[PDB]
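Single chain ahead, written as structure tokens, the form deposited in one PDB entry.
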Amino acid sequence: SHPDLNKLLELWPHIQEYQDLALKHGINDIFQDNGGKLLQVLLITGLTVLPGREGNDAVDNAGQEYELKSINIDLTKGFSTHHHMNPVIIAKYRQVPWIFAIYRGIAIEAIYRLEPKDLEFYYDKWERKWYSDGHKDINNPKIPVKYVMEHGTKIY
């Protein structure tokens, strides 16, 4: 084993507690799909992830659904979307506002809300491309953090 394993063992009880808090809030895996980051957004915003949800989508206390996206700005400046983007995928969240969270690594820095009207520019862009090139899936097209900060409404 590596010598740093002892440091890991010292930190584990707290990691455990964090996973327990995540579970208490509907997140059963903090180490995948930004699970440990999602928990921060949820506790700050008041949003919830329901059992049996489709992916990282949440709802407010009024039942409104939201698509939640996370980005590590220490590494990239474009929000990922879907590995096989096409009109069917766009339809999945065309009707809901999106919550974009910006992180420096694992720590939350800001959160923005964009309404469908704010995202139409990208839905149309992707549709336009798909219709022209023989209906090919787009491999994870990105939404600029700059675009999100300019068009969205900061909520954290």
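Think of the rigid core as the biggest set of C-alphas that the two forms share within 1.5 Å after superposition. All residue numbers refer to positions in the sequence shown, first residue = 1.
What follows is about the form deposited in another entry, which we do not show.
Go through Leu68, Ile30, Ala110, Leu42 and flag the only one whose CA is off by 2 Å or more between this form and the one not shown, rigid core held fixed. The listed residue whose C-alpha shifts by at least 2 Å is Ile30.
Does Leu8 show a Cα shift reaching 2 Å between this form and the one not shown after rigid-core superposition? Shift at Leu8: 2 Å or more after core fit.
Any chance the CA of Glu127 moves 2 angstroms or more between this form and the one not shown, core superposed? For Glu127, whose C-alpha is compared between this form and the one not shown after core superposition, the shift is less than 2 Å.
Classify the change in Cα distance between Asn56 and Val96 in the other entry as closer or farther, relative to the shown form (magnitude of 3 Å or more). Their C-alpha distance shrinks by at least 3 Å in the other entry.
If the C-alpha spacing of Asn56 and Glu65 moves by 3 Å or more in the other entry, is that a move closer or farther apart? Those two alpha carbons end up closer in the other entry.
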